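First comes the structure, then the notes that go with it.
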Ligand SMILES: CCCCCCCCCCCCCCCCCC(=O)OC[C@H](COP(=O)([O-])OCC(O)COP(=O)([O-])OC[C@@H](COC(=O)CCCCCCCCCCCCCCCCC)OC(=O)CCCCCCCCCCCCCCCCC)OC(=O)CCCCCCCCCCCCCCCCC
Ligand SMILES: CCCCCCCCCCCCCCCCCC(=O)OC[C@H](COP(=O)([O-])OCC(O)COP(=O)([O-])OC[C@@H](COC(=O)CCCCCCCCCCCCCCCCC)OC(=O)CCCCCCCCCCCCCCCCC)OC(=O)CCCCCCCCCCCCCCCCC
Ligand SMILES: CCCCCCCCCCCCCCCCCC(=O)OC[C@H](COP(=O)([O-])OCC[N+](C)(C)C)OC(=O)CCCCCCCCCCCCCCCCC
Ligand SMILES: CCCCCCCCCCCCCCCCCC(=O)OC[C@H](COP(=O)([O-])OCC[N+](C)(C)C)OC(=O)CCCCCCCCCCCCCCCCC
Ligand SMILES: CCCCCCCCCCCCCCCCCC(=O)OC[C@H](COP(=O)([O-])OCC[N+](C)(C)C)OC(=O)CCCCCCCCCCCCCCCCC
Ligand SMILES: CCCCCCCCCCCCCCCCCC(=O)OC[C@H](COP(=O)([O-])OCC[N+](C)(C)C)OC(=O)CCCCCCCCCCCCCCCCC
Ligand SMILES: COC1=C(OC)C(=O)C(C/C=C(/C)CC/C=C(/C)CC/C=C(\C)CC/C=C(\C)CC/C=C(\C)CC/C=C(/C)CC/C=C(/C)CCC=C(C)C)=C(C)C1=O
Ligand SMILES: COC1=C(OC)C(=O)C(C/C=C(\C)CC/C=C(\C)CC/C=C(/C)CC/C=C(\C)CC/C=C(/C)CC/C=C(\C)CC/C=C(\C)CCC=C(C)C)=C(C)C1=O
Ligand code: HEM
Ligand code: HEM
């Protein structure tokens, strides 16, 4: 009105304005003429439905009205070849760049002005896009997410991704990050093929990440049967089903057509010893543990929790001053796994670090005490339930469980953790120890270390 | 102040006049392909209405003074219309957008041959003026028909739109030049643009566009509404195609030969659902082979490769031959 | 529920955004919370969430 | 000043010397050398005007006598005055030929912006200096020019509060006005040299003797290979001008335009208003004023001509949107059933015939406008020359309207041919 | 969601900056009025409010 | 498409014609 325009032209308060009264009220008292209803939480209900083409949609009803989370999961680094290695990294570095329907600028502005968040991540066997926003913005954000996930990569996106991948490789090498070491560990474990393919992609192939290679990779990997769609905070499953239908229903079914498929993984217990003139030596010792389908995954998670929370700190870091940092690594895949230790300490006396790490790892195989097991289980429950409490992480692990097993197993992790017993963990670790060790060493005096046969004998 | 909710917008952009702003799903700026827009506009202007009637009568003059003129000049220069239409000399000489797109997407030869073709003529014309390209070069210039130049032009324009022009968001801007001249200093870009005021948001629905009926109609028969099934339609279509071929010498066939209508009808029948065995099996096989080859993107054989260089330091930069027991 | 569709855009009556006073429907609901004071002056506040897995 | 990003070239003596000693020029013809002729005429104008300044006393009542007496007692003074006048004439000729040549090649592209505008500004300044120079003659022609300029200046202020006094004191040529205008003339004439240097540095970014993109990569070294050709072309054009002037202007002539310069301010009070005529280069503007008897509309026409001449790259350029700009069309919207139209792309120079026809119509209209004086004594009582009105209106339309430049007809016809050929050959 | 076109943002920002700069127009006008006041008086009492047409008897 | 831009285009096209009309009227008046 005239009064508002006048009081805005001269920067003076309008006392009689209702908005001013609302925005300058006493924080210790409720607002004068507004009051929100009280609501109580409701149980969570999961529903999974497959479309005609093969796309499967998971949904969870709203426990308490909050922001709507949405996600697209793809079974598509394990599926990359040497020609197209690092394509997932380029997509991640340019996950907002789409051209068919919306522009990079517009799809960034949608996230910015929606108040929500949009993110992408990728593992050896998974690629997950997730966007959380308000209900009224749900349709636009879902359209953006679908376009980003399923639209073929463009030449401009390919160039930007190549530049960003070069920057990422330079940064990773400069910082000597633990991921750069895990890449060598995986290469040793499985070789240059399959799981051993680095997550960041081969450095020599970065220049080859053109739109053609990315599109070929997507065509040979992204198929309707390998796509999952998830939502959380949805009042009605049918509404989200219709929303997904309006977008992903076009993709013609790939059933009955030649699929790329995944070749079975092979485990090799090689060794790597890098001289780098480093004041500190980092070692890693891993073994083929178990896949997701096995019943010991909970046992290995409990063992890792026991190592990290209780044993590694007390027996390795606290007692010895030359242990910079020790941590247990545990990865599980659809057909393989890797459980072990990674310890970094002083370059000199690396033999002592290696021997102590081997002894600590073998201690679990020797046995586990009741109090230690209870402490590890309590810590694992705390971590898992803290993850599950947040809606986004709960939805992500729901999608992963559905894509691994048709049922949802994250609603009863406590029961499985409780079922674990010290004998089971000890037997699992002892059986894993017999496998071919995967031993990686970097540092100044890696050369003066026991031979592979000596390490095997020590583990034996 | 907000441009929307301004007094003019409040009084005019109201549901009463159907001038209200409508908010829909977000969409990219530059939503309409220029090539498709020009195709539809050309069809509407030439093959419909009083404008179409007028422009049809002007086909002789336009063909003489706008097509055969350019073709004659290009042939004099040993060039074709492609050399002047696929990539304009402006883009070829100095254009940073074209340079970047070509570097990021194009193989060097695609523009190197374009530049060398003009270098052929201008190494002589500048040395001695009035150069008329000899017959042997003119022959290779004349070999390529316009039917392939149009394919190249459409491919390039569609690629540029789908990859670059579809990923651009223009903004309000001041003078690009950092010139102290006051006239250049206070140049204002963003107002007086129809696109700037047509939509104030990236969510607004588009209010002006071609109807699906017009888009489908523009993809019919350019020469006119005929019925190739009936003999009466085929006669008129052949007459129009013959006069077109006469007007445009190097458009679809050499200027001394005649167009093969049976092959065209076979292509139309194969492309659409209509089918029959009224054509010889040899004709069908040849047409299918030609169609496959025309749509086949060339690929490298990886054969007949030259030798790569592995240079080494000369002898004088290397230690002498002798090498005795050090101690 | 405001209407059948949760993802409706009807309330966005200001060029794709809510007007000045309005708020999203999701924020119109508040979890129960009881605050009490003891003799010692210690103030106890509870905001239960039954569906949550932790306390 | 964060908005100003920087300068294309730092005009330092070291860098200027290096740039001009390493400059390369592609093979060219005489048509693409009018800029060098303009610059050389500017240099000679600077020298000759400096020589003249030491003779001209800025008092109005002494300038005629001083000029007459110092031509005899001093040798080469009248030679320098003649050189100055003919240099002004040739400078106008070369500048307008350069403008026509650059309009012909469609240099309104974005990459030409810095090259184009920097030039036009120079041209604009080159106008002002000329005006000031006229005032220094202290003849009736100078009186009329000063009066017209003062009235135009006072037009913006609605004839209120003598805002013109700081330059056009009393709107008459006196000691103060002559001194101020002479000093301003000298300073701006010397500033023109720097403006021309800046324009020459800017324009080399994308320099082309012809629109067609020759594939040649080798280029001439400027210092002597190109400079010698530039000097020789200047010599040839000067010979042609000498021949044309010798034959077109008989030694004694009747009814010349210099006859209005007989009257000297102060000596002669009465002015023969029947025969009022400026030099041919300012003839078109006086003709426009006579043709358009409305003062405000005439001033607006002059300002519009100059400023639209300045802003050619913006109206007719690509505009950085890569030809995806949408025009406003009056009637073509009904024919195409579209509110706007995408800018046409294929607007070559040598090939297309519409561009040449329109450009030569514009050039001939300009020549006809400069061809004669409308003779306003009864130019309106007698229905005026329709050719003059047609030429002026075509000049206004050609500069500013994009339907006479980058026409849509060529693009539509080419697309129609493309569609027909592709359909026939699939 | 609110996704204004950057054209509009630039236009609004420039409108606000023009509003800010117009405030100093009256300042410079007052400075030039205090200065050159005799010129303002001559302008106001020469064209506006023209002098009366009359001459003294002497 | 905007009304004011279309009006500006119409003014640009039609103003020279208005000037010509004014000039013709001025000539007719000068005839007397
Ligand atoms: C010949 C005899 C007389 C000589 C007089 C010399 C000057 C005397 C006063 C100043 C003395 C100190 C000089 C210090 C210079 C420091 C900078 C420097 O050297 O940088 C290199 C500079 C270029 O800088 P740049 O960063 O490259 O920017 C240009 C780019 O190329 C970008 O190009 P673009 O295309 O984008 O721009 C085109 C063009 C477009 O330009 C325009 O359209 C604007 C019009 C031109 C500028 C007008 C200035 C008006 C000044 C009035 C002064 C009144 C008298 C009182 C003076 C005392 C102080 C008040 O731009 C320019 O030309 C801008 C450059 C300006 C050059 C003049 C700089 C000095 C004056 C600055 C103000 C006073 C500073 C005083 C400091 C000391 C304290 C007293 O080159 C020159 O200085 C060129 C010199 C040419 C000399 C020839 C004669 C011209 C004299 C000046 C212009 C007079 C016009 C008529 C005025 C009439 C008034 C009624
Ligand atoms: C109180 C008293 C105060 C003192 C008063 C006295 C003042 C004395 C000043 C002395 C200046 C020394 C300048 C040194 C360089 C001169 C050139 C050179 O290297 O000579 C070797 C050269 C060796 O012969 P050559 O093997 O055939 O080579 C010929 C080429 O010139 C060979 O050239 P090139 O092809 O190898 O390459 C030329 C150029 C590549 O081309 C270019 O890049 C040309 C330059 C581009 C930028 C400038 C454009 C405009 C051109 C220059 C201006 C020309 C007009 C000057 C008008 C002045 C006013 C009237 O490359 C360069 O050389 C780059 C540097 C160019 C010179 C600038 C830098 C050094 C000198 C200045 C340093 C300090 C900064 C300046 C300000 C200092 C203020 C204190 O000597 C001659 O040929 C000299 C011939 C002289 C006789 C013919 C002309 C006579 C005049 C006839 C008219 C009627 C008057 C008769 C005479 C009356 C008595 C005087
Ligand atoms: C210090 C370093 C050097 C610096 C160099 C600076 C260079 C500057 C370059 C710019 C100079 C600017 C002035 C250029 C002047 C150009 C000439 C000019 O204006 O005209 C001069 C004059 C005319 O000047 P005017 O003053 O009379 O002009 C009349 C006035 N106006 C033009 C305003 C109407 O022309 C001549 O008369 C010269 C030619 C004389 C005759 C010779 C040619 C005859 C051709 C026909 C011959 C046919 C014979 C056939 C039969 C033979 C039988 C044997
Ligand atoms: C195209 C040309 C390019 C090259 C040239 C570049 C020019 C660049 C622009 C320069 C503009 C300079 C304007 C100076 C005006 C001075 C005279 C004047 O103000 O009016 C005199 C006149 C003086 O009148 P007067 O009546 O006293 O005149 C004396 C008359 N006799 C001798 C008979 C007594 O002023 C007026 O009459 C108007 C009064 C206005 C009062 C209100 C103020 C208005 C704003 C004034 C701004 C002044 C700014 C000065 C500084 C400018 C710095 C850039
Ligand atoms: C708002 C509007 C402001 C004005 C802006 C308008 C644009 C202005 C652009 C100016 C461009 C100027 C370019 C000038 C380039 C040329 C310079 C030049 O040559 O010097 C000027 C010259 C020299 O002028 P001059 O004044 O020295 O001498 C000419 C003398 N009068 C004027 C009496 C003719 O000017 C001209 O006269 C040029 C045109 C002459 C054309 C004559 C051709 C022959 C005609 C024959 C008639 C038919 C006979 C046979 C009939 C029977 C057979 C068909
Ligand atoms: C001395 C008197 C001089 C009067 C001059 C009048 C000139 C009239 C013709 C030109 C006007 C300006 C054209 C550009 C307008 C901005 C761009 C545009 O098209 O906007 C359309 C836009 C939107 O147009 P739209 O509504 O068609 O766009 C929406 C379309 N749909 C709904 C289909 C998506 O409208 C505006 O908001 C602009 C309103 C007009 C603003 C004009 C300001 C400048 C002119 C007035 C200056 C002040 C004069 C004071 C006189 C005082 C006299 C005492
Ligand atoms: C496309 O590529 C191209 C270019 O790339 C940019 C070009 O540069 C160009 C040309 C552009 C240029 C800027 C260079 C122009 C070309 C040439 C040959 C130069 C022309 C000028 C001259 C020959 C004269 C040179 C003069 C000077 C360097 C001095 C400048 C003036 C100074 C220092 C002050 C003058 C002072 C005065 C008082 C004036 C009077 C002077 C006198 C000597 C006379 C009186 C003397 C006294 C002492 C009283 C072309 C054509 C081109 O094709
Ligand atoms: C709005 O109002 C305004 C104006 O008017 C409208 C203006 O004009 C202006 C600008 C104008 C001015 C301030 C006036 C300036 C005027 C100018 C530049 C005109 C002059 C231009 C020229 C090129 C003059 C050139 C002169 C010459 C070559 C003369 C050469 C003479 C000599 C003596 C040279 C030799 C000597 C030397 C170099 C001195 C060195 C020392 C010696 C020789 C020592 C000798 C002694 C001993 C003992 C040895 C402004 C700012 C303005 O506001
Ligand atoms: C490009 C540079 C210049 C141009 C375009 C120019 C233009 C002119 C013109 C058109 C005239 C009137 C000629 C006539 O009416 O016939 C003139 C006269 C004059 N100019 Fe310039 N001028 C320039 C440079 C200079 C310079 C640098 C000076 C002094 C340093 C100067 C000093 C004079 C003088 C003194 C007169 C009058 C001479 C007399 O009346 O006898 N000029 N100028
Ligand atoms: C006194 C005025 C002028 C001078 C001293 C001058 C000087 C020059 C010179 C020396 C050149 C290089 C030689 C050539 O291209 O022929 C040039 C080129 C050029 N001039 Fe000017 N010029 C002037 C006026 C103008 C005008 C009026 C315009 C346009 C309205 C203009 C625009 C250009 C352009 C665009 C080029 C580059 C042409 C190209 O890229 O092919 N100049 N100028």
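Methodologically, a virtual Cβ is constructed for each residue, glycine included, from the backbone with ideal geometry; neighbour enumeration extends over all protein chains shown. Just so it is clear, none of the values below were taken in a lab; they were calculated from the coordinates.
Projected area of the stretch D:1-79, taken from the Cα convex hull and averaged over every viewing direction, in nm²? Numbers along the way, then the final one.
Values: hull surface 43.3 nm².
Taking the Cα atoms of the stretch D:1-79, their convex hull projects to 10.8 nm² on average.
Ranked by the mean number of other Cβ atoms within 10 Å of their residues, highest first, the peptides D:177-184, A:130-137 fall in the order A:130-137, D:177-184.
Adding -39500 (n - 2.57) for every DSSP H run of four residues or longer, then dividing by how many residues chain A holds, sets the calculated 222 nm ellipticity at -12500 deg cm²/dmol. What separates the Cα centres of the stretch B:155-234 and the stretch A:211-259 is a distance of 32 Å. Set the Förster distance to 35 Å, then compute FRET efficiency between residue D:273 and residue D:248 from the Cβ-Cβ distance, nearest 0.05. Taking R0 as 35 Å, the efficiency between residue D:273 and residue D:248 is 0.80. Taking 1.567 mPa s as the viscosity and 4 °C as the temperature, the Stokes-Einstein diffusion coefficient of the stretch B:49-111 based on its alpha-carbon Kirkwood radius rounds to 91 µm²/s. Between D:219, D:210, D:109, find the one with the highest GNM mean-square fluctuation for chain D; connect C-alpha pairs within less than 10 Å. With Cα springs under 10 Å in chain D, the top fluctuation among D:219, D:210, D:109 is at D:219. Pairwise Cα distances in the stretch A:300-414 exceed 18 Å for 59 percent of all pairs. The C-alpha radius of gyration of the stretch A:71-166, expressed as a fraction of 2.2 N^0.38 Å, stands at 1.07. Hydrodynamic radius of the stretch D:159-243 by the Kirkwood approach over all distinct alpha-carbon pairs: 17.9 Å. Placing a label point 7 Å from the Cα of residue B:207 along the Cα-to-Cβ direction, the residues of the stretch D:314-343 whose backbone N falls under 17 Å of that point are D:326-329, D:338-341. Over the Cα atoms of the stretch A:238-308, each weighted equally, I'd like the Debye log10 I(q)/I(0) at q = 0.14, 0.15, 0.25 Å⁻¹, rounded to two decimals. Summing over Cα pairs of the stretch A:238-308 leads to -0.86, -0.89, -1.17.
Placing a label point 7 Å from the Cα of residue B:276 along the Cα-to-Cβ direction, the residues of the stretch B:234-255 whose backbone N falls under 16 Å of that point are B:234-235.
One equal scatterer on each Cα of the stretch D:237-374, no solvent, Debye formula: the resulting log10 I(q)/I(0) at q = 0.11, 0.14 Å⁻¹ is -0.73, -0.99.
Within 10 Å, count the other beta carbons around each residue, average over each peptide in A:66-75, B:287-296, C:14-23, and list them highest first.
A:66-75, C:14-23, B:287-296
Is there a simple number for the mean count of other chain Cβ atoms within 10 Å of the Cβ of residues in B:142-153, and what is it? Intermediate results must be reported in sequence, preceding the final value.
Values: counts 0, 0, 0, 3, 7, 8, 3, 3, 10, 5, 0, 6.
Other-chain Cβ atoms within 10 Å of each residue's Cβ, averaged: 4.
Over all orientations, the protein assembly as shown has a Cα convex hull whose mean projected area works out to 84.6 square nanometres. Remark on the stretch A:10-128: ratio of C-alpha radius of gyration to 2.2 N^0.38 Å is 1.71. The per residue volume of the convex hull around the alpha-carbon atoms of chain C is 150 Å³.
Reported value for the stretch D:225-299: 197 Å³ per residue, from the convex hull of its C-alpha atoms.
In Å, the Kirkwood hydrodynamic radius of chain E over pairs of distinct alpha carbons? Mind dumping the intermediate values first?
Working: mean 1/r = 0.0626 Å⁻¹.
After inverting the mean inverse Cα-Cα distance, the result is 16.0 Å.
Just to verify a number: FRET efficiency for residue A:430 and residue A:177, C-beta to C-beta distance, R0 = 35 Å, to 0.05? Can you show the working numbers first?
Details: r = 33 Å, r/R0 = 0.93.
The formula returns an efficiency of 0.60 here.
When both the stretch A:28-67 and the stretch A:134-191 are represented by their alpha-carbon centers, they are found 31 Å apart.
Each residue, residue A:166 and residue D:216, gets one label point 7 Å from its Cα in the Cβ direction; the gap between the two is 3.6 nm. Other protein chain C-beta atoms within 10 Å of residue C-beta, averaged over C:42-51: 2.
What length, rounded to one decimal in nm, is gained on full extension from residue B:236 through to residue B:76, with 0.36 nm per residue of separation minus their alpha-carbon distance? Could you put the intermediate results ahead of the total?
Values: separation 160, 0.36 × 160 = 57.60 nm, distance 3.51 nm.
Taking 0.36 nm per residue and subtracting the Cα distance, the gain is 54.1 nm.
Per residue, how big is the convex hull around the C-alpha atoms of the stretch D:136-286? Give it to me in cubic angstrom, could you?
On the way: hull volume 32.7 nm³, N = 151.
Value for the stretch D:136-286: 217 Å³ per residue.
When peptides A:216-222, B:308-314, D:243-249 are ranked by their average number of other Cβ atoms within 10 Å per residue, the highest-first order is A:216-222, D:243-249, B:308-314. Each label point was placed 7 Å from the Cα along the Cα-to-Cβ direction; for residue C:34 and residue B:185 their separation is 7.3 nm.
For D:406-416, what's the mean count of beta carbons from other chains sitting within 10 Å of each residue's beta carbon? Numbers along the way, then the final one.
Working: counts 0, 0, 3, 5, 3, 3, 9, 10, 10, 12, 11.
Per-residue shielding by partner chains comes out at 6.
With respect to chain D, whose longest principal axis is taken over its alpha-carbon atoms, helix D:140-155 is tilted by about 60°.
Taking label points 7 Å from Cα along the Cα-to-Cβ direction, residue B:318 and residue E:43 give a separation of 9.0 nm.
Expressed in units of 2.2 N^0.38 Å, where N is the residue count, the Cα radius of gyration of the stretch A:104-144 is 1.24.
In terms of its Cα atoms, chain A spans 87, 56, 47 Å along the principal axes, sorted from long to short.
Using just the Cα positions, wrap chain D in a convex hull and report its mean projected area in square nanometres, one decimal place.
Values: hull surface 112.5 nm².
If you wrap the Cα atoms of chain D in a convex hull and average its projections, you get 28.1 nm².
Among D:394, D:413, D:346, the residue with the largest mean-square fluctuation in a Gaussian network model of chain D, with springs joining Cα atoms closer than 10 Å, is D:413.
What is the distance in Å between the Cα centres of the stretch A:324-339 and the stretch B:22-67? Answer, in whole Å: 64.
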